[PDB]
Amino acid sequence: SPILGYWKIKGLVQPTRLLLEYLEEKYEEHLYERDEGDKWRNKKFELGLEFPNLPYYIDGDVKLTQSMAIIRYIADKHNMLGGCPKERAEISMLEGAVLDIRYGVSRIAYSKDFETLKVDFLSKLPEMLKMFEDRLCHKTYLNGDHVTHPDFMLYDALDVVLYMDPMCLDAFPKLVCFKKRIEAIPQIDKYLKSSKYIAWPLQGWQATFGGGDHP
């Protein structure tokens, strides 16, 4: 059974969890708690990883790090990355545009100056969201009728920015619908209600925004 290792937080790996659950894939997790740095450090170089880091994904011979390599691998095994170079590039474009939002948050979330930095981020956020709002015209998911991994990435990004500004989707009804559509996927509905769902923190526990043991 594959092993997905990360801090017991949403962070970089939450879209991967959602994708695995969507696919009904069997996996176990190594979940490092806030005080378990020592535990991670004692395993870091003992797992066969060529590029030791968190998250990791171990699947027989396959030992992977890099969150994006991992999510894309799971997707790839299910024939989800795209049917030709142009569609693969389209999906990678969606992926990167989501990361501009999600990393946009993480870039500032650990700063002493988060509250001032938040102003600048929220000023740019509507422009980024509008691109997705436009993309969703006449589409159920970002690539139309079928789910792709960026859908779970975008889902996670929306979850996160809504904590930062609960009104940030008020101008984007299609994105509001989209978030509900993901939540309506029966596998996702079940997961979000399950003992396996990690609601919080959004970032590493030490973050100024999206950190701490509880919201």
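Residue numbers run from 1 along the displayed sequence. Definition used throughout: the rigid core is the maximal C-alpha set that superposes within 1.5 Å between two forms.
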Checklist outcome for this item: After superposing on the rigid core, the stretch whose C-alphas lie farther from this form in 8 other deposited structures of this protein, comparing 34 to 42 with 48 to 56, is 34 to 42
Checklist entry - Which has the higher mean CA temperature factor in the PDB entry, 5 to 13 or 187 to 195? => result 187 to 195
Checklist outcome for this item: Ranked by mean Cα B-factor in the entry, 74 to 82 and 95 to 103, top stretch is 74 to 82
Checklist outcome for this item: For 32, 45, 155, 56, the deposited C-alpha B-factor is largest at 45
Item to check | CA B-factor ranking of residue 174, expressed as a third of its chain | outcome: middle
Next on the checklist: Can you tell me whether residue 161 has a C-alpha B-factor in the lowest, middle or highest third compared with the other modelled residues of the same chain?
Outcome noted: lowest
Next on the checklist: Using only modelled residues of the chain, where does the Cα B factor of residue 112 rank: lowest third, middle third or highest third?
Outcome noted: highest
Checklist entry - So where's residue 138 on the chain's Cα temperature factor ranking, which third? => result highest
Checklist entry - In terms of the CA temperature factor given in the entry, to which third of its chain does residue 68 belong: lowest, middle or highest? => result lowest
